[PDB]
>>> print(open('query-v2.pdb').read())   # PDB, C-alpha atoms and all ligand atoms
MODEL        1
ATOM      1  CA  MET N   1     -63.077 -15.410 -17.088
ATOM      2  CA  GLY N   2     -62.176 -13.991 -20.514
ATOM      3  CA  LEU N   3     -58.702 -14.503 -21.968
ATOM      4  CA  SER N   4     -56.418 -11.598 -22.876
ATOM      5  CA  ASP N   5     -55.099 -11.393 -26.471
ATOM      6  CA  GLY N   6     -51.741 -12.485 -25.032
ATOM      7  CA  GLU N   7     -53.318 -15.524 -23.455
ATOM      8  CA  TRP N   8     -55.064 -16.330 -26.729
ATOM      9  CA  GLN N   9     -51.726 -15.978 -28.594
ATOM     10  CA  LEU N  10     -50.232 -18.500 -26.104
ATOM     11  CA  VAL N  11     -53.041 -20.924 -26.783
ATOM     12  CA  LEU N  12     -52.952 -20.595 -30.528
ATOM     13  CA  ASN N  13     -49.213 -20.911 -30.593
ATOM     14  CA  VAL N  14     -49.261 -24.292 -28.918
ATOM     15  CA  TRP N  15     -52.303 -25.453 -30.918
ATOM     16  CA  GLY N  16     -50.034 -25.065 -33.956
ATOM     17  CA  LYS N  17     -48.116 -28.055 -32.690
ATOM     18  CA  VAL N  18     -51.368 -30.083 -32.391
ATOM     19  CA  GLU N  19     -52.352 -29.104 -35.928
ATOM     20  CA  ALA N  20     -49.547 -31.184 -37.378
ATOM     21  CA  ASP N  21     -51.027 -34.440 -35.948
ATOM     22  CA  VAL N  22     -54.480 -33.926 -34.473
ATOM     23  CA  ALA N  23     -55.401 -37.601 -34.441
ATOM     24  CA  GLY N  24     -52.136 -38.618 -32.748
ATOM     25  CA  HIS N  25     -52.468 -35.957 -30.106
ATOM     26  CA  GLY N  26     -56.122 -36.903 -29.566
ATOM     27  CA  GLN N  27     -55.090 -40.523 -29.146
ATOM     28  CA  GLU N  28     -52.519 -39.631 -26.500
ATOM     29  CA  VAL N  29     -55.041 -37.383 -24.725
ATOM     30  CA  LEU N  30     -57.711 -40.067 -24.443
ATOM     31  CA  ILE N  31     -55.118 -42.606 -23.318
ATOM     32  CA  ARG N  32     -53.922 -40.173 -20.683
ATOM     33  CA  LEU N  33     -57.514 -39.582 -19.614
ATOM     34  CA  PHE N  34     -58.367 -43.298 -19.496
ATOM     35  CA  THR N  35     -55.229 -44.338 -17.644
ATOM     36  CA  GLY N  36     -55.345 -41.539 -15.078
ATOM     37  CA  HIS N  37     -59.096 -41.729 -14.607
ATOM     38  CA  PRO N  38     -60.398 -45.266 -15.433
ATOM     39  CA  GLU N  39     -63.927 -44.399 -14.447
ATOM     40  CA  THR N  40     -64.070 -42.068 -17.477
ATOM     41  CA  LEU N  41     -63.567 -45.184 -19.607
ATOM     42  CA  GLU N  42     -67.000 -46.397 -18.562
ATOM     43  CA  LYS N  43     -68.731 -43.653 -20.579
ATOM     44  CA  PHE N  44     -67.439 -45.140 -23.855
ATOM     45  CA  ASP N  45     -69.224 -48.343 -25.006
ATOM     46  CA  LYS N  46     -66.476 -48.916 -27.538
ATOM     47  CA  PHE N  47     -63.511 -48.483 -25.171
ATOM     48  CA  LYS N  48     -64.920 -49.725 -21.790
ATOM     49  CA  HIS N  49     -62.997 -52.970 -22.266
ATOM     50  CA  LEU N  50     -59.536 -51.576 -23.122
ATOM     51  CA  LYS N  51     -57.542 -52.402 -20.018
ATOM     52  CA  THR N  52     -54.064 -51.391 -21.122
ATOM     53  CA  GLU N  53     -52.128 -48.662 -22.786
ATOM     54  CA  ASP N  54     -51.002 -51.080 -25.509
ATOM     55  CA  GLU N  55     -54.571 -52.108 -26.102
ATOM     56  CA  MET N  56     -55.632 -48.497 -26.270
ATOM     57  CA  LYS N  57     -52.869 -47.746 -28.794
ATOM     58  CA  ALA N  58     -53.894 -50.743 -30.834
ATOM     59  CA  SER N  59     -57.431 -49.302 -31.102
ATOM     60  CA  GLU N  60     -57.996 -47.550 -34.393
ATOM     61  CA  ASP N  61     -61.366 -46.276 -33.273
ATOM     62  CA  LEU N  62     -59.863 -44.637 -30.177
ATOM     63  CA  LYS N  63     -57.363 -42.714 -32.334
ATOM     64  CA  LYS N  64     -60.113 -41.700 -34.738
ATOM     65  CA  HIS N  65     -62.228 -40.494 -31.851
ATOM     66  CA  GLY N  66     -59.231 -38.639 -30.498
ATOM     67  CA  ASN N  67     -59.113 -36.792 -33.767
ATOM     68  CA  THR N  68     -62.793 -35.948 -33.397
ATOM     69  CA  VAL N  69     -62.358 -34.543 -29.887
ATOM     70  CA  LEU N  70     -59.404 -32.268 -30.689
ATOM     71  CA  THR N  71     -60.918 -31.182 -34.043
ATOM     72  CA  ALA N  72     -63.942 -29.854 -32.142
ATOM     73  CA  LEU N  73     -61.857 -28.373 -29.342
ATOM     74  CA  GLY N  74     -59.667 -26.796 -31.992
ATOM     75  CA  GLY N  75     -62.723 -25.123 -33.510
ATOM     76  CA  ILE N  76     -63.737 -23.668 -30.133
ATOM     77  CA  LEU N  77     -60.269 -22.439 -29.283
ATOM     78  CA  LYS N  78     -59.628 -20.651 -32.590
ATOM     79  CA  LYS N  79     -62.857 -18.663 -31.957
ATOM     80  CA  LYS N  80     -61.309 -17.054 -28.839
ATOM     81  CA  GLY N  81     -64.203 -16.125 -26.536
ATOM     82  CA  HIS N  82     -66.897 -15.988 -29.242
ATOM     83  CA  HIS N  83     -67.581 -19.717 -29.356
ATOM     84  CA  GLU N  84     -71.119 -20.551 -28.136
ATOM     85  CA  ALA N  85     -72.142 -21.447 -31.716
ATOM     86  CA  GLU N  86     -70.157 -24.707 -31.644
ATOM     87  CA  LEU N  87     -70.849 -25.222 -27.931
ATOM     88  CA  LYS N  88     -74.544 -25.899 -28.268
ATOM     89  CA  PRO N  89     -74.174 -29.155 -30.213
ATOM     90  CA  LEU N  90     -71.353 -30.208 -27.851
ATOM     91  CA  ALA N  91     -73.368 -29.538 -24.698
ATOM     92  CA  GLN N  92     -76.395 -31.198 -26.275
ATOM     93  CA  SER N  93     -74.595 -34.503 -26.996
ATOM     94  CA  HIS N  94     -72.575 -34.641 -23.731
ATOM     95  CA  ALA N  95     -75.689 -34.004 -21.591
ATOM     96  CA  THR N  96     -78.351 -36.215 -23.215
ATOM     97  CA  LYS N  97     -77.575 -39.759 -24.352
ATOM     98  CA  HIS N  98     -74.060 -39.627 -22.997
ATOM     99  CA  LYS N  99     -74.295 -37.688 -19.700
ATOM    100  CA  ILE N 100     -70.729 -36.514 -19.139
ATOM    101  CA  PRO N 101     -70.113 -34.862 -15.771
ATOM    102  CA  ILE N 102     -68.346 -31.532 -15.751
ATOM    103  CA  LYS N 103     -65.671 -33.011 -13.570
ATOM    104  CA  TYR N 104     -64.775 -35.381 -16.451
ATOM    105  CA  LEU N 105     -64.369 -32.295 -18.635
ATOM    106  CA  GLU N 106     -61.898 -31.067 -16.040
ATOM    107  CA  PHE N 107     -59.994 -34.371 -16.287
ATOM    108  CA  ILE N 108     -59.716 -34.418 -20.103
ATOM    109  CA  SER N 109     -58.562 -30.805 -19.790
ATOM    110  CA  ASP N 110     -55.820 -31.971 -17.413
ATOM    111  CA  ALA N 111     -55.004 -34.756 -19.866
ATOM    112  CA  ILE N 112     -54.630 -32.087 -22.585
ATOM    113  CA  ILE N 113     -52.290 -29.809 -20.543
ATOM    114  CA  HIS N 114     -50.229 -32.920 -19.621
ATOM    115  CA  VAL N 115     -49.738 -34.186 -23.183
ATOM    116  CA  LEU N 116     -48.789 -30.731 -24.510
ATOM    117  CA  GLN N 117     -46.330 -30.263 -21.630
ATOM    118  CA  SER N 118     -44.685 -33.558 -22.366
ATOM    119  CA  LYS N 119     -44.614 -33.256 -26.155
ATOM    120  CA  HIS N 120     -44.054 -29.503 -26.652
ATOM    121  CA  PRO N 121     -42.389 -27.924 -23.602
ATOM    122  CA  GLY N 122     -40.613 -25.239 -25.608
ATOM    123  CA  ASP N 123     -44.002 -24.125 -26.937
ATOM    124  CA  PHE N 124     -45.833 -24.622 -23.617
ATOM    125  CA  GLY N 125     -44.155 -22.636 -20.834
ATOM    126  CA  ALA N 126     -45.806 -21.486 -17.599
ATOM    127  CA  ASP N 127     -47.869 -18.664 -19.000
ATOM    128  CA  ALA N 128     -49.062 -20.876 -21.873
ATOM    129  CA  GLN N 129     -50.090 -23.629 -19.413
ATOM    130  CA  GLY N 130     -51.856 -20.928 -17.439
ATOM    131  CA  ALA N 131     -53.562 -19.639 -20.528
ATOM    132  CA  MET N 132     -54.689 -23.073 -21.767
ATOM    133  CA  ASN N 133     -56.023 -23.964 -18.351
ATOM    134  CA  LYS N 134     -58.065 -20.757 -18.495
ATOM    135  CA  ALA N 135     -59.323 -21.420 -22.031
ATOM    136  CA  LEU N 136     -60.471 -24.845 -20.952
ATOM    137  CA  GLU N 137     -62.081 -23.643 -17.741
ATOM    138  CA  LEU N 138     -63.993 -21.130 -19.805
ATOM    139  CA  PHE N 139     -65.156 -23.976 -22.073
ATOM    140  CA  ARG N 140     -66.323 -26.231 -19.166
ATOM    141  CA  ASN N 141     -68.074 -23.300 -17.548
ATOM    142  CA  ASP N 142     -69.995 -22.431 -20.715
ATOM    143  CA  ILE N 143     -70.952 -26.072 -21.327
ATOM    144  CA  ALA N 144     -72.108 -26.302 -17.704
ATOM    145  CA  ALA N 145     -74.400 -23.314 -18.294
ATOM    146  CA  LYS N 146     -75.903 -25.204 -21.267
ATOM    147  CA  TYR N 147     -76.156 -28.401 -19.175
ATOM    148  CA  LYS N 148     -78.669 -26.640 -16.902
ATOM    149  CA  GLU N 149     -80.844 -25.646 -19.903
ATOM    150  CA  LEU N 150     -80.672 -29.230 -21.119
ATOM    151  CA  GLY N 151     -81.846 -30.263 -17.681
ATOM    152  CA  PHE N 152     -78.679 -32.090 -16.698
ATOM    153  CA  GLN N 153     -77.326 -32.597 -13.239
ATOM    154  CA  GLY N 154     -76.771 -35.728 -11.144
TER     155      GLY N 154
HETATM  156  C1  LIG N 201     -62.654 -31.156 -24.601
HETATM  157  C2  LIG N 201     -63.543 -32.088 -24.253
HETATM  158  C3  LIG N 201     -64.423 -32.850 -25.266
HETATM  159  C4  LIG N 201     -64.710 -32.608 -26.545
HETATM  160  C5  LIG N 201     -64.272 -31.439 -27.455
HETATM  161  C6  LIG N 201     -65.570 -33.685 -27.006
HETATM  162  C7  LIG N 201     -66.082 -33.791 -28.268
HETATM  163  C8  LIG N 201     -66.905 -34.790 -28.733
HETATM  164  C9  LIG N 201     -67.445 -34.946 -30.089
HETATM  165  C10 LIG N 201     -67.213 -34.000 -31.278
HETATM  166  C11 LIG N 201     -68.217 -36.034 -30.126
HETATM  167  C12 LIG N 201     -68.986 -36.671 -31.332
HETATM  168  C13 LIG N 201     -70.201 -35.889 -31.776
HETATM  169  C14 LIG N 201     -70.886 -35.401 -30.551
HETATM  170  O1  LIG N 201     -71.354 -36.289 -29.797
HETATM  171  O2  LIG N 201     -70.954 -34.153 -30.331
HETATM  172  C15 LIG N 201     -68.161 -36.595 -28.807
HETATM  173  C16 LIG N 201     -68.828 -37.729 -28.467
HETATM  174  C17 LIG N 201     -68.681 -38.368 -27.285
HETATM  175  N1  LIG N 201     -68.120 -37.828 -26.140
HETATM  176 FE1  LIG N 201     -66.968 -36.185 -26.079
HETATM  177  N2  LIG N 201     -65.794 -34.557 -25.973
HETATM  178  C18 LIG N 201     -65.079 -34.080 -24.905
HETATM  179  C19 LIG N 201     -65.016 -34.646 -23.659
HETATM  180  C20 LIG N 201     -65.594 -35.836 -23.364
HETATM  181  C21 LIG N 201     -65.370 -36.589 -22.150
HETATM  182  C22 LIG N 201     -64.444 -36.093 -21.024
HETATM  183  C23 LIG N 201     -66.103 -37.694 -22.208
HETATM  184  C24 LIG N 201     -66.281 -38.881 -21.217
HETATM  185  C25 LIG N 201     -65.457 -39.151 -20.196
HETATM  186  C26 LIG N 201     -66.791 -37.650 -23.473
HETATM  187  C27 LIG N 201     -67.655 -38.623 -23.884
HETATM  188  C28 LIG N 201     -68.135 -38.786 -25.141
HETATM  189  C29 LIG N 201     -68.717 -40.010 -25.619
HETATM  190  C30 LIG N 201     -68.947 -41.336 -24.855
HETATM  191  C31 LIG N 201     -69.095 -39.721 -27.056
HETATM  192  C32 LIG N 201     -69.722 -40.710 -28.048
HETATM  193  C33 LIG N 201     -68.563 -41.683 -28.263
HETATM  194  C34 LIG N 201     -68.683 -42.505 -29.511
HETATM  195  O3  LIG N 201     -69.821 -42.731 -30.007
HETATM  196  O4  LIG N 201     -67.608 -42.946 -29.994
HETATM  197  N3  LIG N 201     -66.470 -36.502 -24.158
HETATM  198  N4  LIG N 201     -67.366 -35.820 -27.973
ENDMDL
END
>>> encode(input="query-v2.pdb", output="structure tokens")
Amino acid sequence: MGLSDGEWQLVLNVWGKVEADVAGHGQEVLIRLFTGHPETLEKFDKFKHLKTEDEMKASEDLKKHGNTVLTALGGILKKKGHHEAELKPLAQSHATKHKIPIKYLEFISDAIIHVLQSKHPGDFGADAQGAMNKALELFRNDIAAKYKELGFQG
């Protein structure tokens, strides 16, 4: 499940593109998640009512939350397989009040690979897509281990 140094280099390289506009990337990721998987939308009190891509873009809160999501994920990814320190608070909040199924983690991960493909193809070739998919599977897997401790499944 671990990533090779090469795979980590592929991940960090593309994250460099996200670094320039974390909020804007986060916005596009959530929009991709919400449009492809509308049931995910139901887990956000604030966004449950945004029916359209224009409405989602018009939401300042959605963009700000997008920033929040990718800022955290950025933290995890730059730690490269020594990341459980930032995972605990993430697992804790996605498995208690919220209750976010692992499969929704998969979906946002797909949304992430999709946005990076579209926006940064020259920095996201096959191996890099492979490596990011791995980094993100590792992340879900680790969170899912913490979900059990937190007593979450359903
Ligand atoms: C890479 C995946 C994700 C990351 C890094 C992430 C990160 C975060 C962070 C940092 C917060 C705010 C503080 C906290 O609660 O820990 C948060 C809150 C939240 N997360 Fe996530 N999240 C991810 C995936 C998801 C998904 C897929 C969903 C639901 C479909 C979700 C649902 C929520 C909700 C509903 C909140 C509170 C929203 C609010 O009050 O605005 N998260 N998440």
>>> closest_residue(input="query-v2.pdb", among="N:88, N:49, N:17, N:114", to="residue 143 of chain N", atoms="all atoms listed in the file")
N:88
>>> residues_near_ligand(input="query-v2.pdb", ligand="ligand LIG 201 (chain N)", cutoff="9 Å", atoms="only C-alpha atoms and all ligand atoms", output="PyMOL selection string")
chain N and resi 30+33-34+37+39-47+61-62+64-76+89-94+97-109+112+136+139-140
>>> atom_distance(input="query-v2.pdb", atom1="atom CA of residue 57 of chain N", atom2="atom CA of residue 32 of chain N")
11.1 Å
>>> residues_around(input="query-v2.pdb", residues="residue 52 of chain N", least_positions_apart="6", cutoff="10 Å", atoms="all atoms listed in the file", output="list in words")
residues 31, 34, 35 and 58 of chain N
>>> closest_residue(input="query-v2.pdb", among="N:141, N:9, N:153, N:117", to="residue 79 of chain N", atoms="only C-alpha atoms")
N:9
>>> closest_residue(input="query-v2.pdb", among="N:135, N:50, N:23, N:95", to="residue 113 of chain N", atoms="all atoms listed in the file")
N:135
>>> closest_residue(input="query-v2.pdb", among="N:63, N:134, N:148, N:25", to="residue 11 of chain N", atoms="all atoms listed in the file")
N:134
>>> closest_residue(input="query-v2.pdb", among="N:150, N:115, N:56, N:24", to="residue 129 of chain N", atoms="all atoms listed in the file")
N:115
>>> atom_distance(input="query-v2.pdb", atom1="atom CA of residue 127 of chain N", atom2="atom CA of residue 87 of chain N")
25.5 Å
>>> atom_distance(input="query-v2.pdb", atom1="atom CA of residue 133 of chain N", atom2="atom CA of residue 53 of chain N")
25.4 Å
